[PDB]
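J.: Structure in structure tokens, see below.
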Amino acid sequence: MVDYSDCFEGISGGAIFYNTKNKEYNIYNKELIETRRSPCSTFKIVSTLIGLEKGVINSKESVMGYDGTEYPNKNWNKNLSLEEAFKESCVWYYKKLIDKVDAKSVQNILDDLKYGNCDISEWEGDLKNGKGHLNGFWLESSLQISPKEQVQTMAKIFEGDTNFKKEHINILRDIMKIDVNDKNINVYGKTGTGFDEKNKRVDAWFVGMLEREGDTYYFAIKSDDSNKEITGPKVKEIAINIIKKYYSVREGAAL
Amino acid sequence: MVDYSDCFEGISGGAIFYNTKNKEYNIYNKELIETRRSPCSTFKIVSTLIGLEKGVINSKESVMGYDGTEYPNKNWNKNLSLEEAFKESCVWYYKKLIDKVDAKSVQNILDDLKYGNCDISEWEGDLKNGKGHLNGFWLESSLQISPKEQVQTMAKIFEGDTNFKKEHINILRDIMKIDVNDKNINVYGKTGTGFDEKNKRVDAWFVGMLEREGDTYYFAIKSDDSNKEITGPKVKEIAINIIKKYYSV
């Protein structure tokens with residue numbers, strides 16, 4: 001176990017970092033990182049690979065066709081590209097993408113990735129929340145996965161141990177790239193924001209990887225705080241603070 | 001990219017012809033001809049050469065010894081020759097043949113041929129299908145190769161770029177010959193039939209070569225249709241129709 005409480009600042013949560021070279025895990029709050037929860041928008045990492053593998057999309061510029069629906073996030077109000085849909089967590093884009101994939105292919109791919117409970121039984125999600133077509137099995141619905149399982153899934157995909165094409169993984173790396181105002185830090189990730197009504201707690205995620213010199217760390221930061229203000233973007237700041245403090249570069253460090 | 005969709009009659013598939021003279025490929029459905037799939041009985045093209053190279057067989061008359069097992073395919077119920085085993089896609093004959101070759105020898109030969117993924121890890125095949133010994137790594141199992149890779153393998157074998165003896169390649173050419181009712185062209189090939197239970201699609205193949213007035217084409221015809229009625233023999237019919245319309249002149 002390790003203590004990253006200083007970077008959480010009272011926010012209830014946990015973190016796990018896995019290094020490819022030492023095969024060692026750095027775990028903070030062992031019980032929480034082993035608890036399965038809705039992946040929320042972190043599922044976009046996998047749905048992007050499914051869409052590329054099934055030919056629904058083919059590049060970072062791929063579009064799904066916009067029907068003119070007005071959404072709160074104005075970056076959703078257009079025929080946006082895969083890259084923009086990933087960075088803006090655009091649910092309509094990804095719902096239209098996964099509906100063009102047959103259920104058995106998604107099932108086989110989640111089974112092979114060991115993606116948590118691999119439960120896509122509630123395909124359309126929780127329609128009893130009134131959000132209509134802004135729902136799916138990965139949004140506070142049947143699919144659930146633990147932070148440790150997320151890190152194990154990343155490692156298999158990005159270490160080249162799955163059947164996904166290298167060019168498809170390269171598209172995912174490109175759109176996952178984060179700008180942290182330090183060209184020495186190579187961080188890739190995806191946020192997830194959801195509320196668990198059964199436990200009255202958020203599902204705030206930041207999942208990805210850090211390429212530091214010749215080392216690679218797959219990580220998952222997760223909050224379960226009762227404060228509805230705790231979102232994926234806030235858990236992302238915690239992750240970056242943990243990276244800068246405990247996984248900083250030796251060479252070219254700031255003076 | 002060419003289009004042979006007419007000859008497929010709505011069946012999902014692709015085709016690739018390679019001309020060793022101008023090094024040009026005629027491709028129908030590029031994404032499908034680059035997709036690796038189980039070779040099924042088209043693997044007999046290579047397992048025949050492995051058996052000959054290793055002395056397990058020596059001629060088109062070679063027999064492997066029949067134990068009296070009664071198979072569903074009554075054409076398998078006798079001590080059949082290599083020629084008959086090849087033409088009837090006799091799995092028991094070829095499994096007994098490959099079982100006499102060390103996995104290291106098969107691995108080195110496939111790696112040297114660049115035979116797709118060269119994955120022979122599931123030697124006994126997919127036993128989950130309940131067929132027991134009628135299974136092998138080349139039958140909806142670990143070994144996978146694309147139609148393009150099939151053509152590239154055929155070309156290396158018949159153009160003399162492999163380690164196989166010319167005498168053995170000639171035995172394979174003889175057993176692969178098919179009658180197309182046209183003495184102005186020579187057609188050679190092998191069918192393959194499988195069903196991919198995971199993806200619910202057939203693997204139906206016809207792989208071989210065409211010789212017509214000085215020109216040689218290596219080809220692979222493949223279907224990935226949902227309909228289990230689509231077998232190697234049906235894809236062979238499609239291949240002959242493609243050859244008659246686009247390669248006879």
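For the structure tokens, the naming scheme is as follows: chains receive sequential letters (A, B, ...) according to their order of presentation, residues are indexed from 1 within each chain, and ligands are indexed from 1 in presentation order.
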Please tabulate, as JSON lines, the residues of chain B that come within 10 Å of chain A, each with its closest pair of atoms and the distance in Å to one decimal, counting only C-alpha atoms and ordering rows by chain, then residue number upward.
T.:
{"residue": "B:198", "atom": "CA", "partner": "A:108", "partner_atom": "CA", "distance": 7.8}
{"residue": "B:199", "atom": "CA", "partner": "A:105", "partner_atom": "CA", "distance": 7.3}
{"residue": "B:200", "atom": "CA", "partner": "A:104", "partner_atom": "CA", "distance": 9.4}
J.: Let's have the selection written as a PDB file, in the first residue's frame, with C-alpha atoms.
T.:
ATOM      1  CA  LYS B 198     -17.631 -17.346 -32.205  1.00  0.00           C
ATOM      2  CA  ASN B 199     -18.468 -14.882 -35.049  1.00  0.00           C
ATOM      3  CA  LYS B 200     -21.299 -17.042 -36.599  1.00  0.00           C
TER       4      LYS B 200
END
J.: Rank A:155, A:253, A:202, A:110 by their smallest atom-to-atom distance to residue 49 in chain A, using only C-alpha atoms, and report the top residue only.
T.: A:110
J.: Residues within 8 Å of residue 165 in chain A, please, as a PyMOL selection string. Count only C-alpha atoms; anything in the same chain fewer than 3 positions from it doesn't count.
T.: chain A and resi 53+168-169
J.: Dump N, CA and C atoms for the selected residues as a PDB file, in the first residue's frame?
T.:
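See selection27.pdb below for the written result:
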ATOM      1  N   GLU A  53     -12.585  -1.435 -34.984  1.00  0.00           N
ATOM      2  CA  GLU A  53     -12.441  -2.864 -35.354  1.00  0.00           C
ATOM      3  C   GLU A  53     -13.611  -3.276 -36.256  1.00  0.00           C
ATOM      4  N   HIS A 168      -5.192   1.072 -34.947  1.00  0.00           N
ATOM      5  CA  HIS A 168      -6.413   1.477 -34.200  1.00  0.00           C
ATOM      6  C   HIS A 168      -6.028   1.941 -32.799  1.00  0.00           C
ATOM      7  N   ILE A 169      -5.112   1.205 -32.172  1.00  0.00           N
ATOM      8  CA  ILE A 169      -4.570   1.567 -30.832  1.00  0.00           C
ATOM      9  C   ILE A 169      -3.889   2.940 -30.937  1.00  0.00           C
TER      10      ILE A 169
END
J.: Can you pull out every residue from range 25-234 of chain A that DSSP, working from the backbone, puts in strand (DSSP E or B), and format the result as a PyMOL selection string?
T.: chain A and resi 25-28+37+145+177+186-196+201-212+215-223
J.: What does the file look like for those residues with N, CA, C and O atoms, as a short mmCIF file (atom, residue, chain, number, x, y, z; two decimals), in the first residue's frame?
T.:
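selection.cif, freshly written:
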data_model
loop_
_atom_site.label_atom_id
_atom_site.label_comp_id
_atom_site.auth_asym_id
_atom_site.auth_seq_id
_atom_site.Cartn_x
_atom_site.Cartn_y
_atom_site.Cartn_z
N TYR A 25 2.36 -3.12 -8.62
CA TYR A 25 1.21 -2.20 -8.47
C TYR A 25 1.43 -1.27 -7.27
O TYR A 25 1.91 -1.74 -6.22
N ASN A 26 1.12 0.02 -7.45
CA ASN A 26 1.15 1.00 -6.34
C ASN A 26 -0.32 1.26 -6.03
O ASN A 26 -0.99 1.91 -6.85
N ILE A 27 -0.82 0.73 -4.91
CA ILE A 27 -2.27 0.82 -4.62
C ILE A 27 -2.57 1.70 -3.41
O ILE A 27 -1.95 1.49 -2.33
N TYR A 28 -3.53 2.61 -3.59
CA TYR A 28 -4.07 3.49 -2.52
C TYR A 28 -5.56 3.20 -2.36
O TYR A 28 -6.34 3.49 -3.29
N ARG A 37 -17.70 -0.73 -10.50
CA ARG A 37 -18.65 0.39 -10.66
C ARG A 37 -18.89 0.64 -12.15
O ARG A 37 -18.13 0.07 -13.00
N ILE A 145 -17.10 -2.37 -13.66
CA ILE A 145 -15.67 -2.78 -13.71
C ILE A 145 -14.93 -2.08 -12.57
O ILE A 145 -15.33 -0.95 -12.21
N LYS A 177 -4.37 11.68 -25.63
CA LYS A 177 -3.28 12.55 -25.20
C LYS A 177 -3.83 13.77 -24.43
O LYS A 177 -4.78 14.43 -24.93
N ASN A 186 4.20 12.79 -20.45
CA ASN A 186 3.36 12.18 -21.52
C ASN A 186 2.24 11.39 -20.86
O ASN A 186 2.48 10.23 -20.47
N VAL A 187 1.08 12.04 -20.72
CA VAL A 187 -0.13 11.47 -20.05
C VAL A 187 -1.22 11.29 -21.11
O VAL A 187 -1.43 12.20 -21.94
N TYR A 188 -1.92 10.17 -20.99
CA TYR A 188 -3.04 9.78 -21.87
C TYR A 188 -4.18 9.34 -20.95
O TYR A 188 -3.88 8.65 -19.97
N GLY A 189 -5.41 9.77 -21.21
CA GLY A 189 -6.47 9.32 -20.30
C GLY A 189 -7.85 9.70 -20.76
O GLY A 189 -8.00 10.38 -21.79
N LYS A 190 -8.83 9.27 -19.97
CA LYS A 190 -10.25 9.57 -20.24
C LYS A 190 -10.96 9.74 -18.91
O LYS A 190 -10.72 8.91 -18.01
N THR A 191 -11.78 10.78 -18.82
CA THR A 191 -12.60 11.04 -17.61
C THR A 191 -13.93 10.29 -17.71
O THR A 191 -14.36 9.91 -18.81
N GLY A 192 -14.56 10.10 -16.55
CA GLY A 192 -15.88 9.48 -16.42
C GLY A 192 -16.62 10.16 -15.29
O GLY A 192 -15.99 10.37 -14.23
N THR A 193 -17.86 10.59 -15.55
CA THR A 193 -18.69 11.25 -14.50
C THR A 193 -20.08 10.60 -14.47
O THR A 193 -20.76 10.60 -15.50
N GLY A 194 -20.45 10.07 -13.31
CA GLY A 194 -21.76 9.45 -13.11
C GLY A 194 -22.16 9.48 -11.65
O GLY A 194 -21.27 9.68 -10.79
N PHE A 195 -23.46 9.31 -11.39
CA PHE A 195 -23.95 9.27 -9.99
C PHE A 195 -24.61 7.90 -9.74
O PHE A 195 -25.48 7.48 -10.53
N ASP A 196 -24.15 7.22 -8.68
CA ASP A 196 -24.69 5.90 -8.25
C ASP A 196 -25.87 6.18 -7.31
O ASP A 196 -25.60 6.40 -6.11
N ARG A 201 -23.74 8.10 -4.22
CA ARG A 201 -22.30 8.44 -4.31
C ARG A 201 -21.91 8.60 -5.78
O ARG A 201 -22.47 7.88 -6.62
N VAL A 202 -20.97 9.50 -6.06
CA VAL A 202 -20.52 9.72 -7.47
C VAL A 202 -19.65 8.54 -7.91
O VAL A 202 -19.19 7.75 -7.04
N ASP A 203 -19.49 8.43 -9.23
CA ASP A 203 -18.56 7.51 -9.92
C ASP A 203 -17.69 8.46 -10.77
O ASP A 203 -18.07 8.72 -11.91
N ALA A 204 -16.68 9.05 -10.14
CA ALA A 204 -15.75 10.02 -10.77
C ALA A 204 -14.47 9.28 -11.14
O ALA A 204 -13.83 8.73 -10.23
N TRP A 205 -14.14 9.25 -12.43
CA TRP A 205 -12.99 8.47 -12.93
C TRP A 205 -11.99 9.29 -13.73
O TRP A 205 -12.40 10.23 -14.43
N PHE A 206 -10.73 8.86 -13.65
CA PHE A 206 -9.68 9.29 -14.61
C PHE A 206 -8.78 8.07 -14.82
O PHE A 206 -8.08 7.65 -13.88
N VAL A 207 -8.85 7.49 -16.02
CA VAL A 207 -8.12 6.24 -16.36
C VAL A 207 -7.17 6.52 -17.53
O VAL A 207 -7.57 7.27 -18.41
N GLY A 208 -5.98 5.92 -17.53
CA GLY A 208 -5.07 6.17 -18.66
C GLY A 208 -3.69 5.60 -18.41
O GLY A 208 -3.54 4.60 -17.71
N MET A 209 -2.67 6.28 -18.95
CA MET A 209 -1.32 5.81 -18.75
C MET A 209 -0.35 6.97 -18.85
O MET A 209 -0.65 8.01 -19.44
N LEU A 210 0.81 6.75 -18.25
CA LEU A 210 1.89 7.71 -18.21
C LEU A 210 3.11 7.05 -18.84
O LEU A 210 3.43 5.89 -18.44
N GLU A 211 3.72 7.72 -19.82
CA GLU A 211 4.98 7.24 -20.44
C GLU A 211 6.08 8.16 -19.91
O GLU A 211 6.11 9.33 -20.30
N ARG A 212 6.88 7.64 -18.97
CA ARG A 212 7.96 8.42 -18.29
C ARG A 212 9.29 7.78 -18.68
O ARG A 212 9.55 6.64 -18.24
N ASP A 215 9.78 3.99 -19.19
CA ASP A 215 8.78 3.30 -18.32
C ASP A 215 7.34 3.63 -18.76
O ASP A 215 7.11 4.73 -19.28
N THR A 216 6.41 2.70 -18.51
CA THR A 216 4.96 2.95 -18.75
C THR A 216 4.18 2.57 -17.48
O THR A 216 4.40 1.46 -16.95
N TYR A 217 3.33 3.49 -17.00
CA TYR A 217 2.44 3.25 -15.83
C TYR A 217 0.98 3.32 -16.28
O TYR A 217 0.57 4.38 -16.82
N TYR A 218 0.23 2.23 -16.10
CA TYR A 218 -1.23 2.24 -16.40
C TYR A 218 -1.90 2.62 -15.09
O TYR A 218 -1.49 2.08 -14.06
N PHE A 219 -2.85 3.54 -15.12
CA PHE A 219 -3.42 3.98 -13.83
C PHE A 219 -4.93 4.18 -13.93
O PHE A 219 -5.48 4.31 -15.03
N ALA A 220 -5.56 4.23 -12.76
CA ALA A 220 -7.00 4.48 -12.59
C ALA A 220 -7.19 5.23 -11.27
O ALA A 220 -6.69 4.73 -10.25
N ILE A 221 -7.77 6.42 -11.33
CA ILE A 221 -8.07 7.23 -10.12
C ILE A 221 -9.59 7.23 -10.02
O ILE A 221 -10.24 7.51 -11.04
N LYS A 222 -10.14 6.92 -8.84
CA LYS A 222 -11.61 6.80 -8.70
C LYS A 222 -12.08 7.45 -7.40
O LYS A 222 -11.43 7.22 -6.37
N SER A 223 -13.13 8.27 -7.48
CA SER A 223 -13.78 8.82 -6.27
C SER A 223 -15.19 8.23 -6.18
O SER A 223 -15.78 7.88 -7.25
#
J.: List as a compact mmCIF listing (two decimals) with N, CA, C and O atoms, in the first residue's frame the protein and nucleic acid residues near residue 94 in chain B, meaning an atom at most 10 Å away when only C-alpha atoms are counted, but skip any in the same chain fewer than 6 places from it.
T.:
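Result written to part22.txt:
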# COMPACT_ATOMS: atom_id res chain seq x y z
N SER B 41 -9.59 -27.05 -44.62
CA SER B 41 -8.91 -28.08 -45.44
C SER B 41 -7.99 -27.49 -46.52
O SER B 41 -7.26 -28.30 -47.11
N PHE B 43 -5.46 -26.16 -45.83
CA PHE B 43 -4.13 -26.45 -45.23
C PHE B 43 -3.52 -27.72 -45.82
O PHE B 43 -2.30 -27.94 -45.74
N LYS B 44 -4.36 -28.60 -46.41
CA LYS B 44 -3.84 -29.84 -46.98
C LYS B 44 -2.81 -29.58 -48.07
O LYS B 44 -1.99 -30.45 -48.38
N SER B 47 0.14 -29.32 -45.75
CA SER B 47 0.42 -30.57 -44.98
C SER B 47 0.83 -31.71 -45.93
O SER B 47 1.60 -32.56 -45.49
N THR B 48 0.36 -31.70 -47.17
CA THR B 48 0.82 -32.72 -48.15
C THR B 48 2.34 -32.61 -48.34
O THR B 48 3.05 -33.64 -48.30
N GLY B 51 4.23 -33.77 -45.24
CA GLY B 51 4.26 -35.25 -45.18
C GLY B 51 5.29 -35.83 -46.15
O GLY B 51 6.04 -36.77 -45.76
N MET B 64 -2.21 -44.35 -45.25
CA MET B 64 -1.86 -44.11 -43.86
C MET B 64 -2.35 -45.22 -42.94
O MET B 64 -2.01 -45.20 -41.77
N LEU B 82 -3.32 -40.96 -50.98
CA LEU B 82 -3.11 -39.49 -50.82
C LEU B 82 -4.01 -38.73 -51.80
O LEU B 82 -4.66 -37.73 -51.40
N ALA B 85 -7.51 -38.91 -50.52
CA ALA B 85 -7.65 -38.18 -49.24
C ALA B 85 -7.71 -36.68 -49.52
O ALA B 85 -8.48 -35.95 -48.85
N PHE B 86 -6.89 -36.23 -50.46
CA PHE B 86 -6.87 -34.79 -50.81
C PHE B 86 -8.22 -34.41 -51.43
O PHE B 86 -8.82 -33.42 -51.00
N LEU B 134 -11.42 -35.81 -35.00
CA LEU B 134 -11.68 -35.12 -36.30
C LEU B 134 -11.55 -33.62 -36.06
O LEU B 134 -12.53 -32.86 -36.20
N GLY B 136 -8.13 -30.37 -35.59
CA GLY B 136 -6.70 -30.07 -35.67
C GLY B 136 -6.51 -28.57 -35.62
O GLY B 136 -7.49 -27.83 -35.82
J.: Which residues, written as a PyMOL selection string, have at least one atom at most 9 Å from range 95-110 of chain B, with only C-alpha atoms counted and residues fewer than 2 positions away on the same chain left out?
T.: chain B and resi 46-48+50-51+54+56-57+64+90-93+112-120+123-124+133-136+163
J.: Take the selection from the previous step and output its residues with N, CA and C atoms, as a PDB file, in the first residue's frame.
T.:
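File out-v6.pdb, as written:
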ATOM      1  N   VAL B  46      -0.392 -27.474 -47.853  1.00  0.00           N
ATOM      2  CA  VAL B  46       0.911 -27.442 -47.142  1.00  0.00           C
ATOM      3  C   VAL B  46       1.156 -28.756 -46.397  1.00  0.00           C
ATOM      4  N   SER B  47       0.142 -29.322 -45.749  1.00  0.00           N
ATOM      5  CA  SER B  47       0.418 -30.568 -44.982  1.00  0.00           C
ATOM      6  C   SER B  47       0.829 -31.705 -45.927  1.00  0.00           C
ATOM      7  N   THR B  48       0.362 -31.698 -47.172  1.00  0.00           N
ATOM      8  CA  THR B  48       0.818 -32.723 -48.149  1.00  0.00           C
ATOM      9  C   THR B  48       2.340 -32.611 -48.339  1.00  0.00           C
ATOM     10  N   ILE B  50       4.503 -31.196 -46.330  1.00  0.00           N
ATOM     11  CA  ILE B  50       5.224 -31.542 -45.072  1.00  0.00           C
ATOM     12  C   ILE B  50       5.333 -33.066 -44.974  1.00  0.00           C
ATOM     13  N   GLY B  51       4.230 -33.775 -45.240  1.00  0.00           N
ATOM     14  CA  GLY B  51       4.258 -35.248 -45.181  1.00  0.00           C
ATOM     15  C   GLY B  51       5.285 -35.827 -46.145  1.00  0.00           C
ATOM     16  N   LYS B  54       8.906 -35.124 -45.029  1.00  0.00           N
ATOM     17  CA  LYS B  54       9.283 -35.914 -43.826  1.00  0.00           C
ATOM     18  C   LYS B  54       9.243 -37.429 -44.068  1.00  0.00           C
ATOM     19  N   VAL B  56       6.621 -39.297 -44.443  1.00  0.00           N
ATOM     20  CA  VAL B  56       5.399 -39.937 -43.881  1.00  0.00           C
ATOM     21  C   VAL B  56       4.572 -40.515 -45.032  1.00  0.00           C
ATOM     22  N   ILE B  57       4.646 -39.858 -46.188  1.00  0.00           N
ATOM     23  CA  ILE B  57       4.003 -40.276 -47.468  1.00  0.00           C
ATOM     24  C   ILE B  57       5.080 -40.134 -48.540  1.00  0.00           C
ATOM     25  N   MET B  64      -2.207 -44.345 -45.252  1.00  0.00           N
ATOM     26  CA  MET B  64      -1.864 -44.107 -43.863  1.00  0.00           C
ATOM     27  C   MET B  64      -2.346 -45.224 -42.944  1.00  0.00           C
ATOM     28  N   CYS B  90     -10.018 -35.670 -46.587  1.00  0.00           N
ATOM     29  CA  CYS B  90     -10.059 -36.675 -45.498  1.00  0.00           C
ATOM     30  C   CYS B  90      -9.259 -36.229 -44.281  1.00  0.00           C
ATOM     31  N   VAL B  91      -9.963 -35.724 -43.275  1.00  0.00           N
ATOM     32  CA  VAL B  91      -9.294 -35.216 -42.043  1.00  0.00           C
ATOM     33  C   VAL B  91      -8.531 -36.324 -41.295  1.00  0.00           C
ATOM     34  N   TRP B  92      -9.076 -37.540 -41.199  1.00  0.00           N
ATOM     35  CA  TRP B  92      -8.391 -38.561 -40.363  1.00  0.00           C
ATOM     36  C   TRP B  92      -7.026 -38.900 -40.975  1.00  0.00           C
ATOM     37  N   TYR B  93      -6.943 -38.960 -42.301  1.00  0.00           N
ATOM     38  CA  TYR B  93      -5.676 -39.265 -43.013  1.00  0.00           C
ATOM     39  C   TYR B  93      -4.645 -38.166 -42.718  1.00  0.00           C
ATOM     40  N   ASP B 112       8.969 -20.353 -42.105  1.00  0.00           N
ATOM     41  CA  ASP B 112       9.750 -20.120 -43.346  1.00  0.00           C
ATOM     42  C   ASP B 112       8.791 -19.800 -44.511  1.00  0.00           C
ATOM     43  N   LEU B 113       7.590 -20.394 -44.537  1.00  0.00           N
ATOM     44  CA  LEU B 113       6.575 -20.093 -45.583  1.00  0.00           C
ATOM     45  C   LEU B 113       5.828 -18.800 -45.253  1.00  0.00           C
ATOM     46  N   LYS B 114       6.023 -18.233 -44.062  1.00  0.00           N
ATOM     47  CA  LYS B 114       5.211 -17.074 -43.611  1.00  0.00           C
ATOM     48  C   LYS B 114       3.730 -17.458 -43.774  1.00  0.00           C
ATOM     49  N   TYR B 115       3.340 -18.620 -43.209  1.00  0.00           N
ATOM     50  CA  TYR B 115       1.951 -19.140 -43.335  1.00  0.00           C
ATOM     51  C   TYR B 115       1.041 -18.461 -42.298  1.00  0.00           C
ATOM     52  N   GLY B 116       0.697 -17.200 -42.551  1.00  0.00           N
ATOM     53  CA  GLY B 116      -0.187 -16.442 -41.653  1.00  0.00           C
ATOM     54  C   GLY B 116       0.365 -16.327 -40.236  1.00  0.00           C
ATOM     55  N   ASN B 117      -0.471 -16.577 -39.238  1.00  0.00           N
ATOM     56  CA  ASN B 117       0.007 -16.432 -37.844  1.00  0.00           C
ATOM     57  C   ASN B 117       0.911 -17.606 -37.444  1.00  0.00           C
ATOM     58  N   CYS B 118       1.030 -18.671 -38.259  1.00  0.00           N
ATOM     59  CA  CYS B 118       1.933 -19.809 -37.922  1.00  0.00           C
ATOM     60  C   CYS B 118       1.617 -20.335 -36.512  1.00  0.00           C
ATOM     61  N   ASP B 119       0.366 -20.211 -36.074  1.00  0.00           N
ATOM     62  CA  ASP B 119       0.005 -20.625 -34.695  1.00  0.00           C
ATOM     63  C   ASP B 119      -0.551 -22.057 -34.685  1.00  0.00           C
ATOM     64  N   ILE B 120       0.269 -23.008 -34.242  1.00  0.00           N
ATOM     65  CA  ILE B 120      -0.124 -24.448 -34.177  1.00  0.00           C
ATOM     66  C   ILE B 120      -0.277 -24.857 -32.711  1.00  0.00           C
ATOM     67  N   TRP B 123      -2.872 -27.883 -31.076  1.00  0.00           N
ATOM     68  CA  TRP B 123      -2.561 -28.975 -32.025  1.00  0.00           C
ATOM     69  C   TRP B 123      -3.782 -29.840 -32.315  1.00  0.00           C
ATOM     70  N   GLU B 124      -4.503 -30.202 -31.251  1.00  0.00           N
ATOM     71  CA  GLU B 124      -5.639 -31.138 -31.356  1.00  0.00           C
ATOM     72  C   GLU B 124      -6.877 -30.419 -31.898  1.00  0.00           C
ATOM     73  N   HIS B 133     -11.265 -36.718 -32.352  1.00  0.00           N
ATOM     74  CA  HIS B 133     -10.020 -36.755 -33.175  1.00  0.00           C
ATOM     75  C   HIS B 133     -10.187 -36.104 -34.559  1.00  0.00           C
ATOM     76  N   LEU B 134     -11.423 -35.813 -34.997  1.00  0.00           N
ATOM     77  CA  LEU B 134     -11.677 -35.116 -36.297  1.00  0.00           C
ATOM     78  C   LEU B 134     -11.547 -33.615 -36.057  1.00  0.00           C
ATOM     79  N   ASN B 135     -10.333 -33.219 -35.713  1.00  0.00           N
ATOM     80  CA  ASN B 135     -10.044 -31.813 -35.368  1.00  0.00           C
ATOM     81  C   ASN B 135      -8.545 -31.612 -35.493  1.00  0.00           C
ATOM     82  N   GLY B 136      -8.134 -30.366 -35.595  1.00  0.00           N
ATOM     83  CA  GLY B 136      -6.703 -30.066 -35.668  1.00  0.00           C
ATOM     84  C   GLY B 136      -6.508 -28.569 -35.618  1.00  0.00           C
ATOM     85  N   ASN B 163      11.789 -24.502 -49.657  1.00  0.00           N
ATOM     86  CA  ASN B 163      12.763 -25.597 -49.414  1.00  0.00           C
ATOM     87  C   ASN B 163      12.185 -26.933 -49.910  1.00  0.00           C
TER      88      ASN B 163
END
J.: Where in range 17-229 of chain B does DSSP assign alpha helix (DSSP H), given as a CSV table (one decimal) with C-alpha atoms, in the first residue's frame?
T.:
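Done, and the output landed in selection-v5.csv:
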chain,number,residue,atom,x,y,z
B,30,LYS,CA,-9.6,-5.7,-50.1
B,31,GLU,CA,-10.6,-5.7,-46.4
B,32,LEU,CA,-11.8,-9.3,-46.6
B,33,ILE,CA,-8.8,-10.7,-48.6
B,44,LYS,CA,-3.8,-29.8,-47.0
B,45,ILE,CA,-1.9,-28.0,-49.7
B,46,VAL,CA,0.9,-27.4,-47.1
B,47,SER,CA,0.4,-30.6,-45.0
B,48,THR,CA,0.8,-32.7,-48.1
B,49,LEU,CA,4.3,-31.2,-48.8
B,50,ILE,CA,5.2,-31.5,-45.1
B,51,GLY,CA,4.3,-35.2,-45.2
B,52,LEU,CA,6.3,-35.8,-48.4
B,53,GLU,CA,9.3,-33.8,-47.1
B,54,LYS,CA,9.3,-35.9,-43.8
B,82,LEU,CA,-3.1,-39.5,-50.8
B,83,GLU,CA,-4.9,-38.5,-54.1
B,84,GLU,CA,-8.3,-39.7,-52.7
B,85,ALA,CA,-7.7,-38.2,-49.2
B,86,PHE,CA,-6.9,-34.8,-50.8
B,87,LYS,CA,-9.9,-34.9,-53.1
B,91,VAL,CA,-9.3,-35.2,-42.0
B,92,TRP,CA,-8.4,-38.6,-40.4
B,93,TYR,CA,-5.7,-39.3,-43.0
B,94,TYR,CA,-4.1,-35.8,-42.7
B,95,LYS,CA,-4.3,-35.8,-38.8
B,96,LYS,CA,-2.5,-39.2,-38.7
B,97,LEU,CA,0.1,-37.8,-41.2
B,98,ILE,CA,0.8,-34.5,-39.2
B,99,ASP,CA,0.8,-36.4,-35.9
B,103,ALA,CA,5.7,-29.7,-33.8
B,104,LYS,CA,9.1,-28.0,-34.2
B,105,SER,CA,9.4,-29.2,-37.8
B,106,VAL,CA,5.9,-27.9,-38.6
B,107,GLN,CA,6.6,-24.6,-36.8
B,108,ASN,CA,9.9,-24.0,-38.7
B,109,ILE,CA,8.3,-24.9,-42.1
B,110,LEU,CA,5.3,-22.6,-41.5
B,111,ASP,CA,7.5,-19.7,-40.2
B,112,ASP,CA,9.7,-20.1,-43.3
B,113,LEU,CA,6.6,-20.1,-45.6
B,147,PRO,CA,-6.6,-15.0,-48.7
B,148,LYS,CA,-3.7,-12.7,-49.8
B,149,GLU,CA,-1.3,-14.7,-47.6
B,150,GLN,CA,-2.7,-17.9,-49.3
B,151,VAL,CA,-1.9,-16.6,-52.7
B,152,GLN,CA,1.7,-15.5,-51.6
B,153,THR,CA,2.3,-19.0,-50.2
B,154,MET,CA,1.0,-20.7,-53.4
B,155,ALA,CA,3.3,-18.4,-55.5
B,156,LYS,CA,6.4,-19.2,-53.4
B,157,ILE,CA,5.7,-23.0,-53.5
B,158,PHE,CA,4.9,-23.3,-57.3
B,166,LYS,CA,10.4,-30.1,-56.9
B,167,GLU,CA,9.4,-33.9,-57.0
B,168,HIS,CA,7.0,-33.3,-54.1
B,169,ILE,CA,5.6,-30.1,-55.5
B,170,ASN,CA,4.8,-32.0,-58.7
B,171,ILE,CA,2.9,-34.7,-56.7
B,172,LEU,CA,0.9,-31.8,-55.1
B,173,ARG,CA,0.2,-30.2,-58.6
B,174,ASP,CA,-1.1,-33.6,-59.9
B,175,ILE,CA,-3.6,-34.2,-56.9
B,176,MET,CA,-4.8,-30.5,-57.1
J.: Write out as a ChimeraX atom specification the residues lying within 7 Å of residue 40 in chain B, counting only C-alpha atoms and excluding same-chain residues fewer than 4 positions away.
T.: /B:138-140,192-194
J.: With distances taken over only C-alpha atoms, which of A:50, A:144, A:163, A:119 is nearest to residue 36 in chain B?
T.: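 Residue with the minimum atom-to-atom distance to residue 36 in chain B: A:163.
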J.: Extract, using only C-alpha atoms, all DNA, RNA and protein residues at most 10 Å from range 55-71 of chain A, discarding same-chain residues fewer than 2 positions from it, and format them as a PyMOL selection string.
T.: chain A and resi 48-53+73-86+90+92-101+167-168+171-172+174-175
